[PDB]
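Peer 1: Below is the structure I would like to discuss, written out as structure tokens.
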Amino acid sequence: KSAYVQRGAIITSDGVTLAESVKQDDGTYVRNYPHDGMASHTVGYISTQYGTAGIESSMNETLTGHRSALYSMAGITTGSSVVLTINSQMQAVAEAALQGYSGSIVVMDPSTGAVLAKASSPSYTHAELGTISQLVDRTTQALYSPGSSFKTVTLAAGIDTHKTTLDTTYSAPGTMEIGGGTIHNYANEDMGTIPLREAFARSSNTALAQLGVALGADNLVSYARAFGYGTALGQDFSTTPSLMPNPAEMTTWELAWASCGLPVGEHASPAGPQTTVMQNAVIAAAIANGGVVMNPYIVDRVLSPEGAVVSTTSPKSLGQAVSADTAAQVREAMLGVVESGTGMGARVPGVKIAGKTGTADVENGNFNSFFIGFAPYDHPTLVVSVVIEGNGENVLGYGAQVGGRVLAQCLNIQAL
Ligand SMILES: *C(=O)[C@@H](NC(=O)[C@H]1[C@@H](C)ON[C@H]1c1c(Cl)cccc1Cl)[C@@H]1N[C@@H](C(O)O)C(C)(C)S1
């Protein structure tokens, strides 16, 4: 029966139709994808060979459309349409910034969790699914070691528990023994004794590991969970949960590394942290939003075949991960990263951008570049989360450059 019932459309917030059904002279309907290639992973597909993904999958009941003994009357009833929170201009900006690279970008509204752009690369067209890495959604369904981008969580926790302050000094030596193994700063750089805001801006592992060990495993895990770890984020799309160990299984050395964003644990529970890019955006959004974590969403509203609004998504909080005072301090620390530390590549003349960078080593001596951030600093209206994957190219600092560029172009779009 269901080939004769028209499937609803998938449309961006600014009115660009990305999926559509057209009636045949046969009476059946064929699925068409205008601007084929835009937001492919988000729009998704239903394919015997390739599976299901994206909105075609997650909103399938709504688009399908819930007397039936007559196939001739099946036409008389239409699926309802879905208007996404994705803006086509911001989507194009994120897609352009990934050309030539593997990785992904999420742009989100920090006060609501609305997903404004969501891009993964390499990508595909729907036309390609009619023949025989591209199908993986690297924003929500790939896990990465977050590296130093996770120090945002460590810092937040340290401040929120009143165990440290941005002006508290730490020894930040090139190497240090912790829990019977070694932690080293990048390039074994000895930074001497410096305030935490500077250790964070310059991304010292030896300093941040000492904070992680002061916090303890229970605290670190609990705060990661409060930011969304362990939750399949997304009101209306699938995200694979970001992972932390069972804190009871962690060692001190493991803890030290985890607090710098490197999963090195060996135990029954997973090693962590392992993050999605979406989870990283949710962390930046919580910090930008006074500590309030939002469950992100990608559907704005549902429309009936006649264009009436049938329902509207409501923003929903997953709780307050840290206090407002803590969030303000973390924002300030993040401003330092971009103004005077490892995130200077994200600077954009005439707008204050804040963020945190990371770099993580993976298999075969490859490494990935991360960035989370928000803008403008005072009254944030956008959050970005990026991963640029190395795969045998050095991409040091690329996440930050991509991040700043996307924030700046997205701010301009907002201004129009
Ligand atoms: C965080 O990303 C931290 N990264 C590193 O030190 C990385 C790279 C350079 O190699 N392996 C790493 C690692 C170590 Cl040695 C220790 C703990 C965690 C990791 Cl992922 C610093 N942050 C980055 C920047 O991108 O923020 C630097 C390259 C400045 S070093």
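Please note that chains go A, B, ... in the order of the structure tokens, that every chain numbers its residues from 1, and that ligands are numbered from 1 in the order shown.
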Enumerate as a ChimeraX atom specification the residues within 9 Å of ligand 1, counting only C-alpha atoms and all ligand atoms.

Peer 2: /A:145-151,183-188,200-206,209,256-263,337,341-343,356-362,367-371,396-400

Peer 1: Filtering to C-alpha atoms, could you give me those residues as an mmCIF file, in the first residue's frame?

Peer 2:
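Below is the file part10.cif, written as the result:
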data_model
loop_
_atom_site.group_PDB
_atom_site.id
_atom_site.type_symbol
_atom_site.label_atom_id
_atom_site.label_comp_id
_atom_site.auth_asym_id
_atom_site.auth_seq_id
_atom_site.Cartn_x
_atom_site.Cartn_y
_atom_site.Cartn_z
ATOM 1 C CA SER A 145 39.540 10.820 21.923
ATOM 2 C CA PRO A 146 38.775 14.505 22.614
ATOM 3 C CA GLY A 147 42.307 15.351 23.833
ATOM 4 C CA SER A 148 42.668 18.738 25.402
ATOM 5 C CA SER A 149 39.183 19.928 24.417
ATOM 6 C CA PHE A 150 37.998 17.796 27.366
ATOM 7 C CA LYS A 151 40.039 19.957 29.792
ATOM 8 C CA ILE A 183 52.584 12.761 32.056
ATOM 9 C CA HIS A 184 54.252 15.195 29.694
ATOM 10 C CA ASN A 185 53.377 18.571 28.256
ATOM 11 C CA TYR A 186 53.397 18.884 24.514
ATOM 12 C CA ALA A 187 57.011 18.865 23.355
ATOM 13 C CA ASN A 188 58.044 18.308 27.009
ATOM 14 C CA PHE A 200 44.527 26.202 30.389
ATOM 15 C CA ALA A 201 45.270 28.798 27.645
ATOM 16 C CA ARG A 202 48.536 27.062 26.799
ATOM 17 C CA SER A 203 47.054 23.561 27.309
ATOM 18 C CA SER A 204 49.522 22.136 29.829
ATOM 19 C CA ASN A 205 48.923 18.467 30.461
ATOM 20 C CA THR A 206 51.047 18.361 33.609
ATOM 21 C CA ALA A 209 46.450 16.348 35.187
ATOM 22 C CA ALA A 256 45.597 11.915 35.096
ATOM 23 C CA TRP A 257 45.380 11.186 31.360
ATOM 24 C CA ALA A 258 41.565 11.180 31.265
ATOM 25 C CA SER A 259 41.557 14.623 32.742
ATOM 26 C CA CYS A 260 43.619 15.769 29.690
ATOM 27 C CA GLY A 261 41.196 14.018 27.264
ATOM 28 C CA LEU A 262 43.125 10.830 26.592
ATOM 29 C CA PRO A 263 41.545 7.453 27.228
ATOM 30 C CA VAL A 337 42.709 30.315 24.905
ATOM 31 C CA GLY A 341 46.979 30.770 23.854
ATOM 32 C CA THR A 342 46.693 27.735 21.610
ATOM 33 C CA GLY A 343 43.453 28.992 19.970
ATOM 34 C CA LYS A 356 39.227 25.338 23.604
ATOM 35 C CA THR A 357 41.492 23.353 21.304
ATOM 36 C CA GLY A 358 42.710 19.826 21.388
ATOM 37 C CA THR A 359 44.861 17.414 19.469
ATOM 38 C CA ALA A 360 44.701 13.671 19.918
ATOM 39 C CA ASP A 361 46.977 10.941 18.734
ATOM 40 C CA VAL A 362 45.248 7.821 17.402
ATOM 41 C CA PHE A 367 46.199 12.681 14.900
ATOM 42 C CA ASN A 368 43.015 14.704 14.946
ATOM 43 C CA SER A 369 42.399 18.409 15.659
ATOM 44 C CA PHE A 370 39.524 19.594 17.793
ATOM 45 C CA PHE A 371 37.891 22.873 18.625
ATOM 46 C CA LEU A 396 47.723 20.762 14.013
ATOM 47 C CA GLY A 397 45.583 23.763 14.839
ATOM 48 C CA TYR A 398 43.196 23.246 11.924
ATOM 49 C CA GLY A 399 40.173 22.762 14.177
ATOM 50 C CA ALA A 400 40.596 26.238 15.629
#

Peer 1: Find the nearest atom pair between each residue of segment 248-365 of chain A and segment 375-378 of chain A for residues within 7 Å, count only C-alpha atoms, give distances in Å to one decimal, sort rows by chain and ascending number, and present the table as CSV.

Peer 2:
residue,atom,partner,partner_atom,distance
A:351,CA,A:376,CA,6.3
A:352,CA,A:377,CA,5.3
A:353,CA,A:375,CA,5.1
A:354,CA,A:377,CA,6.2

Peer 1: Would you list the contacts of segment 286-302 of chain A as a PyMOL selection string, taking every protein, DNA or RNA residue within 7 Å and counting only C-alpha atoms, but skipping same-chain residues closer than 3 positions in sequence?

Peer 2: chain A and resi 80-86+110-115+227+233-236+282-283+309-313+316-324+327-328+330-331+374+380

Peer 1: Once DSSP has gone over the backbone, tell me which residues of segment 85-247 of chain A are in strand (DSSP E or B), as a ChimeraX atom specification.

Peer 2: /A:102-108,114-121,144,169-171,175-178,181-184,193-195,243

Peer 1: Name all residues at most 10 Å from segment 7-14 of chain A (count only C-alpha atoms; drop same-chain ones fewer than 3 positions away) and give them as a ChimeraX atom specification.

Peer 2: /A:2-4,17-22,29-33,39,43,55-56,59-60,62-65,77-89,91,116,298-305

Peer 1: Please produce a file of the residues just selected, as a tab-separated table (two decimals), in the first residue's frame, where the atoms kept are N, CA and C atoms.

Peer 2:
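Produced file again25.tsv, reproduced below:
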chain	number	residue	atom	x	y	z
A	2	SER	N	2.00	1.25	0.67
A	2	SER	CA	2.65	2.50	1.09
A	2	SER	C	3.40	3.27	-0.03
A	3	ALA	N	3.73	2.60	-1.14
A	3	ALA	CA	4.24	3.32	-2.31
A	3	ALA	C	3.20	4.32	-2.87
A	4	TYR	N	1.92	4.08	-2.61
A	4	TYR	CA	0.87	4.97	-3.14
A	4	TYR	C	0.54	6.17	-2.24
A	17	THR	N	13.91	23.01	0.33
A	17	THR	CA	13.46	21.64	0.33
A	17	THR	C	14.61	20.69	-0.03
A	18	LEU	N	14.85	19.73	0.85
A	18	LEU	CA	15.94	18.79	0.69
A	18	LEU	C	15.45	17.36	0.39
A	19	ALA	N	14.20	17.04	0.72
A	19	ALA	CA	13.62	15.76	0.31
A	19	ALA	C	12.14	15.95	0.04
A	20	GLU	N	11.62	15.17	-0.90
A	20	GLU	CA	10.33	15.44	-1.55
A	20	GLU	C	9.86	14.13	-2.13
A	21	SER	N	8.55	13.91	-2.24
A	21	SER	CA	8.03	12.78	-2.98
A	21	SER	C	7.22	13.22	-4.19
A	22	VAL	N	7.44	12.59	-5.34
A	22	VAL	CA	6.68	12.95	-6.52
A	22	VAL	C	5.89	11.77	-7.06
A	29	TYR	N	4.82	6.90	-5.72
A	29	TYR	CA	5.59	8.12	-5.41
A	29	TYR	C	7.06	7.76	-5.43
A	30	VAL	N	7.88	8.65	-5.97
A	30	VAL	CA	9.33	8.48	-5.92
A	30	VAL	C	9.95	9.59	-5.08
A	31	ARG	N	10.93	9.20	-4.29
A	31	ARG	CA	11.62	10.11	-3.41
A	31	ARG	C	12.67	10.87	-4.19
A	32	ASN	N	12.56	12.19	-4.19
A	32	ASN	CA	13.50	13.09	-4.83
A	32	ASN	C	14.31	13.91	-3.77
A	33	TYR	N	15.55	14.25	-4.09
A	33	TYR	CA	16.46	14.98	-3.20
A	33	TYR	C	17.05	16.18	-3.92
A	39	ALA	N	23.62	18.55	3.48
A	39	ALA	CA	23.16	17.97	4.73
A	39	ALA	C	22.76	16.50	4.56
A	43	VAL	N	19.68	14.60	6.47
A	43	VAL	CA	18.50	14.26	5.73
A	43	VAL	C	18.33	12.74	5.73
A	55	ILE	N	16.94	11.93	9.21
A	55	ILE	CA	15.56	12.33	9.45
A	55	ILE	C	14.58	11.39	8.75
A	56	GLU	N	14.90	11.00	7.52
A	56	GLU	CA	14.16	9.92	6.85
A	56	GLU	C	13.94	8.73	7.81
A	59	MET	N	12.31	10.30	11.74
A	59	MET	CA	10.96	10.91	11.67
A	59	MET	C	10.12	10.13	10.75
A	60	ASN	N	10.45	8.86	10.61
A	60	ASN	CA	9.80	8.02	9.63
A	60	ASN	C	8.28	7.92	9.85
A	62	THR	N	6.24	10.05	11.16
A	62	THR	CA	5.67	11.35	10.80
A	62	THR	C	5.62	11.59	9.29
A	63	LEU	N	6.74	11.36	8.62
A	63	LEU	CA	6.81	11.48	7.16
A	63	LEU	C	5.97	10.43	6.39
A	64	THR	N	5.98	9.17	6.87
A	64	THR	CA	5.15	8.05	6.27
A	64	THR	C	3.68	8.42	6.28
A	65	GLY	N	3.19	8.86	7.43
A	65	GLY	CA	1.78	9.23	7.56
A	65	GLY	C	0.94	8.08	8.08
A	77	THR	N	-3.40	8.64	3.38
A	77	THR	CA	-3.41	10.09	3.28
A	77	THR	C	-2.04	10.65	3.69
A	78	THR	N	-1.68	11.79	3.08
A	78	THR	CA	-0.28	12.24	2.98
A	78	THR	C	0.49	12.33	4.29
A	79	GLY	N	1.75	11.93	4.22
A	79	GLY	CA	2.68	12.15	5.28
A	79	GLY	C	2.79	13.63	5.58
A	80	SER	N	3.25	13.92	6.77
A	80	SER	CA	3.32	15.31	7.20
A	80	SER	C	4.79	15.71	6.97
A	81	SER	N	5.08	17.01	6.84
A	81	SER	CA	6.42	17.49	6.51
A	81	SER	C	7.21	17.91	7.74
A	82	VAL	N	8.52	17.96	7.61
A	82	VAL	CA	9.38	18.28	8.71
A	82	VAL	C	10.23	19.48	8.34
A	83	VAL	N	10.14	20.52	9.17
A	83	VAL	CA	10.99	21.69	9.02
A	83	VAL	C	12.13	21.58	10.05
A	84	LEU	N	13.35	21.57	9.54
A	84	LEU	CA	14.52	21.40	10.40
A	84	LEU	C	14.92	22.75	10.96
A	85	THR	N	15.72	22.69	12.04
A	85	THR	CA	16.38	23.84	12.60
A	85	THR	C	17.61	24.25	11.79
A	86	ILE	N	18.07	23.36	10.92
A	86	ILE	CA	19.19	23.69	10.02
A	86	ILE	C	18.90	24.88	9.11
A	87	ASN	N	19.83	25.84	9.10
A	87	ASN	CA	19.81	26.96	8.18
A	87	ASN	C	20.72	26.64	6.99
A	88	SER	N	20.22	26.82	5.76
A	88	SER	CA	20.92	26.34	4.55
A	88	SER	C	22.23	27.10	4.29
A	89	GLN	N	22.24	28.37	4.66
A	89	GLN	CA	23.46	29.17	4.53
A	89	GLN	C	24.56	28.74	5.51
A	91	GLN	N	24.64	25.86	6.92
A	91	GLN	CA	24.99	24.49	6.45
A	91	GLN	C	26.07	24.54	5.33
A	116	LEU	N	21.94	24.22	14.12
A	116	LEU	CA	21.84	25.13	12.99
A	116	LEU	C	22.59	24.68	11.72
A	298	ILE	N	16.97	18.82	16.18
A	298	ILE	CA	17.12	19.22	14.80
A	298	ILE	C	15.81	19.46	14.04
A	299	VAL	N	14.68	19.07	14.63
A	299	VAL	CA	13.35	19.37	14.03
A	299	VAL	C	12.74	20.61	14.69
A	300	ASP	N	12.44	21.63	13.92
A	300	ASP	CA	11.78	22.81	14.52
A	300	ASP	C	10.32	22.52	14.72
A	301	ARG	N	9.68	22.05	13.65
A	301	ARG	CA	8.25	21.83	13.65
A	301	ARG	C	7.83	20.87	12.56
A	302	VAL	N	6.61	20.35	12.73
A	302	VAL	CA	5.98	19.42	11.81
A	302	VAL	C	4.80	20.10	11.19
A	303	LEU	N	4.64	19.89	9.90
A	303	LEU	CA	3.60	20.52	9.10
A	303	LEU	C	2.68	19.46	8.50
A	304	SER	N	1.38	19.76	8.47
A	304	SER	CA	0.41	18.86	7.89
A	304	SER	C	0.48	19.02	6.41
A	305	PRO	N	-0.08	18.06	5.65
A	305	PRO	CA	-0.04	18.22	4.20
A	305	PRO	C	-0.54	19.57	3.68

Peer 1: Restrict the calculation to only C-alpha atoms, then for each residue of segment 96-123 of chain A with any atom at most 6 Å from an atom of segment 387-391 of chain A give the closest atom pair and their distance in Å to one decimal, rows by chain and rising residue number, as a tab-separated table.

Peer 2:
residue	atom	partner	partner_atom	distance
A:102	CA	A:389	CA	5.4
A:103	CA	A:388	CA	4.6
A:104	CA	A:387	CA	5.4

Peer 1: Per DSSP on the backbone, filter segment 92-237 of chain A down to the residues in alpha helix (DSSP H) and report them as a ChimeraX atom specification.

Peer 2: /A:92-98,151-160,196-201,205-215,217-226

Peer 1: Identify which of the residues A:412, A:74, A:195, A:402 lies closest to residue 101 of chain A, counting only C-alpha atoms when measuring atom-to-atom distances.

Peer 2: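 Using only C-alpha atoms, residue 101 of chain A sits closest to A:402.
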
Peer 1: Neighbouring residues of segment 156-161 of chain A were defined as those with any atom within 7 Å, considering only C-alpha atoms; residues of the same chain fewer than 4 positions away were excluded. Please report them as a ChimeraX atom specification.

Peer 2: /A:152,165,211,215,220,223,322-323,326,330

Peer 1: Pull C-alpha atoms from the residues just selected and write them as a PDB file, in the first residue's frame.

Peer 2:
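As written to disk, result-v9.pdb reads:
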ATOM      1  CA  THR A 152      36.997  22.244  29.599  1.00  0.00           C
ATOM      2  CA  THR A 165      40.503  29.063  40.817  1.00  0.00           C
ATOM      3  CA  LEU A 211      43.670  19.102  38.858  1.00  0.00           C
ATOM      4  CA  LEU A 215      39.224  16.050  41.729  1.00  0.00           C
ATOM      5  CA  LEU A 220      35.443  13.772  37.025  1.00  0.00           C
ATOM      6  CA  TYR A 223      30.729  16.103  35.942  1.00  0.00           C
ATOM      7  CA  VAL A 322      27.833  23.637  36.872  1.00  0.00           C
ATOM      8  CA  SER A 323      26.817  26.851  38.557  1.00  0.00           C
ATOM      9  CA  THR A 326      31.538  28.460  37.335  1.00  0.00           C
ATOM     10  CA  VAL A 330      35.172  28.815  32.271  1.00  0.00           C
TER      11      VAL A 330
END

Peer 1: Rank nothing, just name the residue among A:193, A:314, A:255, A:144 nearest to residue 179 of chain A, using only C-alpha atoms.

Peer 2: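 Going through A:193, A:314, A:255, A:144 one by one, the smallest distance to residue 179 of chain A is for A:255.
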